[PDB]
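What follows is a set of notes on a single structure, which appears directly below.
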4 protein chains.
Amino acid sequence: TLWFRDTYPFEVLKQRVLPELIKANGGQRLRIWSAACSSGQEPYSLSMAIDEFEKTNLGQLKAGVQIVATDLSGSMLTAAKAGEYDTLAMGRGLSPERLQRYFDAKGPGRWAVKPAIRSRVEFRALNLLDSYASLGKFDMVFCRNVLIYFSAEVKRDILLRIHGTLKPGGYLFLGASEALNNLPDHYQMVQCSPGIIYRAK
Amino acid sequence: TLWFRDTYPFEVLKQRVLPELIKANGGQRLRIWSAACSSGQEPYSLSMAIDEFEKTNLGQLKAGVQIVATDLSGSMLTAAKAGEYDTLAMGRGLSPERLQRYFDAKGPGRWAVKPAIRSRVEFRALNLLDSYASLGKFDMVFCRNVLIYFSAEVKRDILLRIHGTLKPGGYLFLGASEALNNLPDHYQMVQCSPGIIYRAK
Amino acid sequence: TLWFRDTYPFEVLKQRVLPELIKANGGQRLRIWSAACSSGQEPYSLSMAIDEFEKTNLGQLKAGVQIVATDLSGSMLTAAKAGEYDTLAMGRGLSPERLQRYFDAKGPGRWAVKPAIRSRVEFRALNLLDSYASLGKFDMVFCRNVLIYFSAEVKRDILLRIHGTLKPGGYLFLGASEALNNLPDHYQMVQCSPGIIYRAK
Amino acid sequence: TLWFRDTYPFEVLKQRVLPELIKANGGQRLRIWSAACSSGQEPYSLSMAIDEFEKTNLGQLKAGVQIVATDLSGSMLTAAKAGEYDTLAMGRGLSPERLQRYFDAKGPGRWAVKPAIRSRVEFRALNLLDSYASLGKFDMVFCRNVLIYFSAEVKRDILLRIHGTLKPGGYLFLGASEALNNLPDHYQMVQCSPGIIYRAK
Ligand SMILES: Nc1ncnc2c1ncn2[C@@H]1O[C@H](CSCC[C@H](N)C(=O)O)[C@@H](O)[C@H]1O
Ligand SMILES: Nc1ncnc2c1ncn2[C@@H]1O[C@H](CSCC[C@H](N)C(=O)O)[C@@H](O)[C@H]1O
Ligand SMILES: Nc1ncnc2c1ncn2[C@@H]1O[C@H](CSCC[C@H](N)C(=O)O)[C@@H](O)[C@H]1O
Ligand SMILES: Nc1ncnc2c1ncn2[C@@H]1O[C@H](CSCC[C@H](N)C(=O)O)[C@@H](O)[C@H]1O
């Protein structure tokens, strides 16, 4: 994993998706699910992106954005919760501007997300083969580079149940080279130039 | 068995069956029979569906609904009235709104149906090959995915004796793939889009 | 159901099956499964037959016989456990000698099987559709007039799994008008004149 | 999952695999990996089968057997460590002899695997996608009914890295309906009649 992986998912979030969802709900609270969050780079990247949007658009989001980040419980999810990273992890995909604006040095070779970035993310233990019903409803779901490991039938079952967590017209973000197969009545492919997102029908 | 199996019967119940039965009986007390209740998923799904109709149609049900769930009494019957279900039993069929409104999160990997939903259900021991005279009269009978195990002659006799327990105009719900042939003087087919239910003539 | 139903199955047990099974195992413990025992007439008849064999052939049974009686849990299995019967049930198929030797009067119009006969019979709640592993191994299985109620697919699966409970060379007794005809690798029909039994291959 | 699933893999272990490996290592310590142990039925069945082997082969195993049971972290892995099972779980695949010899009755409808059987099993949380280096070397690996969840490329990688955990000539047990077909340099299929296992080349 790395920070702001592929660049354009987070630009699309700020430029395209957020203004559309805010216009419909009157700026009320939005919820984002970061599925298989690994060591936390993706959910914290989402948190920084929302912070950047909120600062440039005073004040379109009236209630903020909740990020729910999930993975299997253990030491990897535990470190994500701690929000600390070593130098090697911090040099992959993070501009120097974001490093100084959003992280605190500890600590020789240790950096931690700033409290405003940390507070948007709640980490929960969740197996993707289990039920998603405890997670609630989401305006956006990020499920990137995890579906690749499963069989075609299990991948379809996960995508179908992800659809049950999305509000209608919400968006699913997959990995850059991941296709969404055999659910033509559940997801609409949307071109972002660059990038592809999938609207929940 | 699973929660809200096949989706359509519990929506057809709230949108077509209940308004008709209320009209036919003046909104008075209704009785539902869940035959072959298995581990309790079906009768509790009925109770939840009754709760949902009540909130959207306040005052229409004047005295509530009583649910009688029967099966071959045994460890399975005992676990049904306990109302406890592990991670696998809660895995499929429960929307996020239903899991939060009708269940209690117990310990790790254990959930319990709320007592307000459990109250509507009463469990008894009853073999489908025995008499039903002790059960009383029902406006609705759920007898799903149990008739497949018997001979055509036993299946017809069960469906005929179920007619004896149904109030005139009462409704019978079978499995989504089960047929009700060979009984034209007793059951009227009601296509619902999607699914098929049967009215006692 | 009735006492010593069809008569000759219990004579074949005493004259033909017991001497063969006792000779091979040296008179050690025998186990008999009475599947679908109903109100108990069949297992108690078997226990009476064993007692008649034990007092006729002293002392070829050196370890006694265990009878496991199963049916669906309810007022017909609970009636069998008590071993009490009314005049109507006592008047069908019971000789006067067996009535005097094996029953106690229990008030007007009530009779009870003697404790010496009931002691051999253990009653267990068991659906024929569930697994049989907890039952152990049997030298004989009586499964009479219950398979008729099921579909062809369920009947064959029950018969196949019954074979898994039988010791090789053990015997299966069906109802007087029942047969099996699609398990050639598992059972061998044995003419008894009159009636038939099935040897477990 | 269930106790002694498919029956014959555990008989093959006692009759063929254990004696061959004992001669293949001189009776020293054996290690078994139960991968994807789920609620623990499989590793506890293995520990029971080893006990049954030890009661027949008078201490032909010099320094005992270690069983390592792994699965994803969650409620099911935590239930396995406890070793307690309800009536429904105890009623599938367990003979009356094994119930008495290897379980202690607890609460009403509750049984627990005896400490003599649990002590041989160590439970660890492990994603099969992660490295196996910390597990050491095994004479036998049970990886049953889990490979079907993954892509063809992940399945081959998992089986390839399982070979890295196996001692030369060690045995791999898959599910009854599973096979590997693209690792000709690493695995040799062994026919057992019935069923199949694989030997590490
Ligand atoms: N069954 C499962 N349930 C939940 N998470 C799983 C899983 N199997 C694998 N994963 C997780 O999926 C992650 C894929 S790494 C991808 C991280 C992030 N989404 C990104 O795009 O950079 C791993 O961290 C792994 O822990
Ligand atoms: N003779 C009989 N009398 C009562 N119940 C029976 C029965 N034979 C089988 N059953 C029950 O019927 C159930 C079928 S599973 C069906 C459960 C539920 N009706 C659903 O559709 O989801 C089994 O659990 C079994 O316990
Ligand atoms: N699924 C099932 N599992 C176990 N018993 C069942 C069953 N379905 C029906 N039965 C039982 O089978 C019995 C048939 S009456 C037969 C009784 C006795 N074997 C005789 O020949 O006279 C009934 O008492 C009924 O309770
Ligand atoms: N990525 C993964 N790593 C480890 N275990 C996994 C896994 N994905 C699924 N599993 C586990 O694989 C199990 C399959 S059920 C199989 C249990 C047992 N081996 C038997 O044959 O009966 C499930 O318990 C599931 O938790």
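Chain naming here is simple, since letters A, B, ... match the order of the sequence lines and numbering starts at 1 in each. Basis for what follows: all heavy atoms, side chains included, without hydrogens, waters or symmetry-related copies.
- The OG atom of D:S177 sits 7.5 Å away from the CG atom of D:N145 when rounded to the nearest 0.5 Å.
- Closest approach of D:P194 and D:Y8 over heavy atoms only: O-CD1, 3.5 Å.
- In this structure, A:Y149 places its OH atom where only 12 or fewer heavy-atom neighbours from other residues, nucleotides or ligands lie under 6.0 Å away.
- A salt bridge is absent between D:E178 and D:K155; no separation between the charged side-chain nitrogens and carboxylate oxygens falls under 4.0 Å.
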For this session: Dump the intermediate steps for side chain to side chain contact (heavy atoms under 4.5 Å, CB included) on A:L128 and A:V154, then the final yes or no.
Result: CA-CA 10 Å; A:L128 279 179; A:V154 171; over 6 Å; no

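- Ion pair D:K14/D:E52 flagged as a salt bridge, since at least one NZ, NE, NH1 or NH2 atom sits closer than 4.0 Å to an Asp/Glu carboxylate oxygen.
- Around NZ of D:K106, the count of heavy atoms belonging to other residues, nucleotides or ligands within 6.0 Å does not exceed 12.
- Surrounding CZ of D:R29 are at most 12 heavy atoms belonging to other residues, nucleotides or ligands under 6.0 Å away.
- Among all heavy-atom pairs drawn from D:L126 and D:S131, the shortest one is CD1-O, 3.7 Å.
- Judged by distance alone, the side chain of C:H186 and the main-chain N or O of C:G164 form no donor-acceptor pair under 3.5 Å.
- Within 6.0 Å of the OH atom in C:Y132, the count of heavy atoms belonging to other residues, nucleotides or ligands exceeds 12.
- With respect to the salt-bridge test (charged N to carboxylate O, under 4.0 angstrom), the residues C:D139 and C:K167 qualify.
- For D:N182, the side chain to side chain contact (heavy atoms under 4.5 Å, CB included) partners at least two apart in sequence or on another chain are D:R156.
- The distance from the CZ atom of A:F150 to the CD1 atom of A:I158 is 4.5 Å, given to the nearest 0.5 Å.
- Taking the centre of each ring, D:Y44 and D:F10 stay at or above the 6.0 Å mark.
- The closest donor-acceptor contact from the side chain of A:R161 to the backbone of B:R92 lies at 3.5 Å or more, if one exists at all.
- In summary, the side chains of D:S75 and B:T87 do present a donor paired with an acceptor at a separation below 3.5 Å, with no hydrogens or angles considered.
- One distance of note links CG of D:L147 with CG of D:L159; it measures 4.5 Å at 0.5 Å rounding.
- Under the side-chain hydrogen bond (donor to acceptor under 3.5 Å, both in side chains) criterion, B:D104 pairs with B:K114, not counting sequence neighbours.
- With 3.5 Å as the limit, one finds no donor-acceptor pair spanning the side chains of C:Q188 and C:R199.
- D:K137 NZ: more than 12 foreign heavy atoms inside a 6.0 Å radius.
- B:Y85 approaches B:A89 most closely through the heavy-atom pair CB-CB, 3.6 Å.
- With no hydrogens or angles considered, a side-chain donor-acceptor pair links D:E42 and D:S34 at under 3.5 Å.
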Notebook entry, point to check: How far apart are the C-alpha atoms of A:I148 and D:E153, what are their side-chain angles, what is the distance that settles it, and do they pass the side chain to side chain contact (heavy atoms under 4.5 Å, CB included) test?
Noted result: CA-CA 10 Å; A:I148 172 72; D:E153 292 73 29; over 6 Å; no

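- Judged by distance alone, the side chain of D:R5 and the main-chain N or O of D:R144 form no donor-acceptor pair under 3.5 Å.
- In this structure, D:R120 pairs ionically with D:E54, as a charged nitrogen and a carboxylate oxygen lie closer than 4.0 Å.
- In this structure, C:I162 CD1 and C:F138 CZ are separated by 10.0 Å, a value rounded to the nearest 0.5 Å.
- Counting heavy atoms from C-beta on, the side chains of D:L72 and D:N127 come closer than 4.5 Å.
- Proximity of D:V121 to D:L46: side-chain heavy atoms (C-beta onward) are nowhere separated by under 4.5 Å.
- Remark: side-chain polar atoms of D:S73 are paired, donor with acceptor, to backbone N or O of A:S73 under 3.5 angstrom.
- With respect to D:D51 and D:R101, no salt bridge is recorded, no charged nitrogen being found less than 4.0 Å from a carboxylate O.
- Between D:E84 and D:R110, at least one side-chain nitrogen of the basic residue sits less than 4.0 Å from a carboxylate oxygen of the acidic one, meeting the salt-bridge criterion.
- C:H163 places none of its side-chain heavy atoms less than 4.5 Å from the side chain of C:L183.
- Smallest separation of non-hydrogen atoms from D:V65 and D:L61: CG2-CD1, 3.9 Å.
- The shortest side-chain heavy-atom distance between A:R124 and A:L135 falls under the 4.5 Å cut-off.
- Aromatic rings of B:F103 and B:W3 (six-membered ring for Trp) have centroids within the 6.0 Å cut-off, being under it.
- Panel note: side chain B:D71, backbone B:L77; no donor-acceptor pair is recorded below 3.5 Å.
- A side-chain N or O of A:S39 and one of A:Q41 form a donor-acceptor pair less than 3.5 Å apart.
- The cationic group of D:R16 does not satisfy the cation-pi geometry with D:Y171, failing either the under 6.0 Å distance to the six-membered ring centre or the 45° limit from the ring axis.
- Of all non-hydrogen atoms in D:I67 and D:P43, the two that sit nearest each other are CD1-O, 3.8 Å.
- Residues C:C143 and C:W33 have side chains not in contact (no heavy-atom distance under 4.5 Å, counting atoms from C-beta outward).
- The line from CE of D:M90 to CG of D:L99 is 5.0 Å long, rounded to the nearest 0.5 Å.
- Atoms CG and OH, from C:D185 and C:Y187 in turn, are 12.5 Å apart once rounded to the nearest 0.5 Å.
- More than 12 heavy-atom neighbours from other residues, nucleotides or ligands sit within 6.0 angstrom of CG on D:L129.
- Within the 3.5 Å criterion, the main-chain N or O of D:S45 finds no donor-acceptor partner in the side chain of D:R98.
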